[PDB]
Visitor: 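Okay, handing you the structure first.
Order of the sequence lines sets the chain letters (A, B, ...), proteins ahead of strands, with each chain counted from 1.
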Amino acid sequence: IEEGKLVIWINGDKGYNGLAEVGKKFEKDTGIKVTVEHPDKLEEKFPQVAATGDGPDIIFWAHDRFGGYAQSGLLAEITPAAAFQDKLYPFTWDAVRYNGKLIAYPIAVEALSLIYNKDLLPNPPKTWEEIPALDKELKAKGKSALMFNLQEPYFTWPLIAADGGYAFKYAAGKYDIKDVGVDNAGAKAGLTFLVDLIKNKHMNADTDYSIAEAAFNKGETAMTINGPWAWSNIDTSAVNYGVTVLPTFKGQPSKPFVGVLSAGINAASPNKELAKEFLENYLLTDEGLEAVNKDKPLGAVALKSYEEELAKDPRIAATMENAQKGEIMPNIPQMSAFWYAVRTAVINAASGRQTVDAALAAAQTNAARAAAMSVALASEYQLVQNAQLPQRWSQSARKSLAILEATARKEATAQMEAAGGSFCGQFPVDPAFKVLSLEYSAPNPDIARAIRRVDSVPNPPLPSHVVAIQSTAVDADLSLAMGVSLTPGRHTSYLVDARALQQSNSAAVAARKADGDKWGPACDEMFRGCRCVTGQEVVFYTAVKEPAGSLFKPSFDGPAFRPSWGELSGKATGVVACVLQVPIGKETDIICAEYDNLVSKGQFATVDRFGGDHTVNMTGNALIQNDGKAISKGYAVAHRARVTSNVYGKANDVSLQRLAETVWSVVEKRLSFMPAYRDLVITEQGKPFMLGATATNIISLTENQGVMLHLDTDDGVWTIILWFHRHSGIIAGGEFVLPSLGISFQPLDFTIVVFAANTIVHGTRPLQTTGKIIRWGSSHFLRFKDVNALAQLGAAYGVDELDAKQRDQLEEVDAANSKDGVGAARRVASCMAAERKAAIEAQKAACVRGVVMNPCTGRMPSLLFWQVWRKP
DNA sequence: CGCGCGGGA
DNA sequence: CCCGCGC
Ligand SMILES: [Fe+2]
């Protein structure tokens, strides 16, 4: 977020052009440009981006999400004068309080109303109790009294809550998540009346949003229940309609949930007073709100002065009436526990699968349990983010390791003297040069060997935010504190300022976008500034300066070591990237052999990534839910091979585990933090769906492919990429590029990079080849959605039962196809999918997890094992 | 192989 | 919409 400016995020279904006009008028009076954007997946995008201290200055969303944001410290406290607060209705301010603090400005107010056909029903009923008799009349006329969405409890809750239901008890400025109001007599009475309506055929238990909307807008039912978003559609129809107070139940008003569109201020915003002034003096005025409202209607409004104007529309007046008789929707993330439990209870009670009493008894206890576990997982997440490696660092160990490293440097120097230079395998390594193309030979059936630098330029210098560590003492400090043990005397360590790293990340994605999401001139310009580390073994540590926001979340209350280097004091270090050079031998034989076995046996699924950026082959423990009949680990070819093999059903599973474990073993010898990361993030329920004793569940494979610069947001904390070559020839380009670290390299005999793929922008330049040479690239990574879904399937059916279910589902689908054709087989699979989906959601509702994940971002931590350094 | 159908959200 | 799947 740039100082002296305002950027606003607001959903696409809003009046952003009108809002942009208010910005226009604001820029005119102040000189401060206001840019209005409507990103996709806005509800998810804001907490993900603001968690890194970036994103908009102002966010527009339903107030209920803003309590979760406040828990995460994403929002600035709002400080309106009492004179300003008087201009908005008092209950709208209650909607934007968290822990006694105002956290947003209310804008608009929405709630469900009763919508009725004036021609079928000139005087709509005041009571729910009237509706049975009224439906008898209209049934005689070939019509019905009432149709509304019965599938979503947002819609049925106003009746259920009328006589006493509630979500969480509110008291002393806080919701008590132990106190759920789902199982009291009021709730029971309301749901009973609802199910009696279905029991007496006045409503259909299958009625959903689309069925009700179509029936009301076609003149077939006299009433529906909907919000202001539905008025447009009714306005295109022939129906003469009104909007009024919801019916009472037992003389009490129906209690719809109230949603308040609100404007929050990013805690990481340099422009908080500019934001406050724009919101208080430009938007929250009649002129302001009208400009927005003319673009797309706001519905009811929080500003008393404009609401008095709008309320001349009786539909708006009714909205505010229903809203004032309703309950503000609780603004805490545990509402998800509430929603799932009540949705289940209403569906079961409407289908007779449970009595009303059993349905609500179980929703009550289930919602409370899920909300409690939700809290417990949030606190556990803080422990994993702040976890520390087993301590091997000390001042004595530092110094001894510094001696051994200094000895190894002399020995490597002497060995370089005796050989005439530095070599990685057979490849001559000279850091004075950048390796732009190079030759490989294939003298035998082993892997092709990198032999000769072909095209080069002088090697660009390191960027200024990246520093090679010269001191063996500092080398030993970081090695012992971070669980990195690179080849003695034959590696280079680097320190990278965390703030510049983040700026450079953003510049790299800016360049990729400007190029049209490809390697074009802007990405090339950055590549020309990257320093080649081809043939080197290196590690990059980032240093986060103690806040006296950010992408990185070190705990500066954790234990502190004394650095030999004074400049680390007041900072935390983490490992962002490491490049290894694996000596060809037994391990490389095993790995290459498994790739060959899996290719020959057709076990890779071929997919396209990033539109048509490149082609990628995948294997591993996927769960492809797009495949309706998938109910076990692996791609569809893997499911099939277990049944169709006439030798050994698990053969490809053995191959995959050896492949992941062998790559993992090679990496773990150098990076002892890797098994610590595995042990920390993989749950007991996730472990059977990893590949062996690793943090890998998915493995990719690419053949002479470039890849645009990007981040892998849905993967683990660290990712492993390797390359190996087949056949001889010359490759130009194809470098792996880490532009925010300012480095690139050509993979040689068997280069491996281990890096934080969710937070370091990276990519592979396109390549050109001469001869038959093939560069095979492969990522081993954690794709957490698959392990979560599989862990959930495991909890629902039993881990070992998945193969049996998978075999049965394959057989039942083949049978249908062979008997009744392709369309029948697709119908069997769709049925399987909905059965699978229901089971997964139930386990997901029970907080069953394969991996630990950030509750705020829905992703894995940006880094782990931060080490604080302090030198008094 | 292409392009259909498909799930989840 | 997308590091699937099957006609
Ligand atoms: Fe990647």
Visitor: Residues two or more places apart in sequence or in another chain: which of them pass side-chain contact (heavy atoms from CB on, under 4.5 Å) with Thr606(A)?
Guide: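 For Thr606(A), the residues satisfying side-chain contact (heavy atoms from CB on, under 4.5 Å) (neighbours in sequence not counted) are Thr615(A), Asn617(A).
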
Visitor: Name all residues meeting the ring pair (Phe, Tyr, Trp, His ring centres under 6.0 Å) criterion together with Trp339(A); count only those two or more places apart in sequence or in a different chain, and write none if there are none.
Guide: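 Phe257(A).
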
Visitor: Heavy atoms only, 4.0 Å cut-off, all strands: where does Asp608(A) land among base, sugar-phosphate and nothing?
Guide: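 Answer is sugar-phosphate: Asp608(A) comes under 4.0 Å of backbone atoms only.
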
Visitor: Residues in side-chain hydrogen bond (donor to acceptor under 3.5 Å, both in side chains) with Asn505(A), at least two apart?
Guide: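 By the side-chain hydrogen bond (donor to acceptor under 3.5 Å, both in side chains) rule, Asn505(A) matches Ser740(A).
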
Visitor: Could you please name the option among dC5(C), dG4(C), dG7(B) that lies closest to any side-chain atom of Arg783(A)?
Guide: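 Closest of the options to the side chain of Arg783(A): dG4(C).
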
Visitor: When you measure from every atom of DNA chain B, which of residues 801-824 of chain A have a heavy atom less than 4.0 Å away?
Guide: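 Residues of residues 801-824 of chain A that come under 4.0 Å of DNA chain B do not exist, since none gets that close.
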
Visitor: For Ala337(A), which residues count as a side-chain contact (heavy atoms from CB on, under 4.5 Å) partner, sequence neighbours excluded?
Guide: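 side-chain contact (heavy atoms from CB on, under 4.5 Å) list for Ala337(A), sorted by chain: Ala370(A), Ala371(A).
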
Visitor: For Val828(A), which residues count as a side-chain contact (heavy atoms from CB on, under 4.5 Å) partner, sequence neighbours excluded?
Guide: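 Checked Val828(A) against side-chain contact (heavy atoms from CB on, under 4.5 Å); matches are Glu812(A), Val813(A), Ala816(A), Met832(A).
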
Visitor: Under the ring pair (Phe, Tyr, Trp, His ring centres under 6.0 Å) rule, collect the residues that match up with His725(A), sequence neighbours excluded.
Guide: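 With sequence neighbours excluded, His725(A) shows a ring pair (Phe, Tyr, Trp, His ring centres under 6.0 Å) to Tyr440(A), given in chain and number order.
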
Visitor: With sequence neighbours excluded, give me every salt bridge (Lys or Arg N to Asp or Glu O under 4.0 Å) pair touching residues 617-638 of chain A.
Guide: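 Pairs touching residues 617-638 of chain A that pass the test: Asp627(A)-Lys629(A).
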
Visitor: Checking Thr751(A) now: which residues fulfil side-chain hydrogen bond (donor to acceptor under 3.5 Å, both in side chains) with it, not counting sequence neighbours?
Guide: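 So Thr751(A) forms a side-chain hydrogen bond (donor to acceptor under 3.5 Å, both in side chains) with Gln581(A).
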
Visitor: So is the aromatic ring of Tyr635(A) stacked onto the base of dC5(C), judging by whether the centres are under 5.5 Å apart and the planes are under 30° apart?
Guide: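 Not stacked: fails the 5.5 Å / 30° test.
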
Visitor: Choosing from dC5(C), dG6(B), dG8(B), which nucleotide comes nearest the side chain of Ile624(A)?
Guide: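 The closest nucleotide is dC5(C).
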
Visitor: Could you give me the stems involving DNA chain C, meaning stretches of three or more consecutive Watson-Crick or G-U wobble pairs whose two defining distances are both below 3.5 Å?
Guide: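 So far as stems of 3 or more pairs are concerned, DNA chain C shows none.
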
Visitor: List the residues meeting salt bridge (charged side-chain N to carboxylate O under 4.0 Å, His left out) with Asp515(A), not counting sequence neighbours, and say none if there are none.
Guide: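 Not a single residue meets the salt bridge (charged side-chain N to carboxylate O under 4.0 Å, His left out) criterion with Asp515(A).
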
Visitor: Any donor-acceptor pair under 3.5 Å between the side chain of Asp714(A) and the base of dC2(C)?
Guide: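 Check fails, no donor-acceptor contact within cut-off.
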
Visitor: For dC5(C), does either OP1 or OP2 sit under 4.0 Å from a side-chain N or O belonging to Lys629(A)?
Guide: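 No, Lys629(A) has no side-chain N/O under 4.0 Å of OP1/OP2 on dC5(C).
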
Visitor: Mind listing the residues from residues 333-345 of chain A sitting with a heavy atom below 4.0 Å of DNA chain C? Number order is fine.
Guide: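 Result for residues 333-345 of chain A: none.
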
Visitor: Salt-bridged, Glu152(A) to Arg343(A), with N to O below 4.0 Å?
Guide: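 Salt bridge: yes.
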
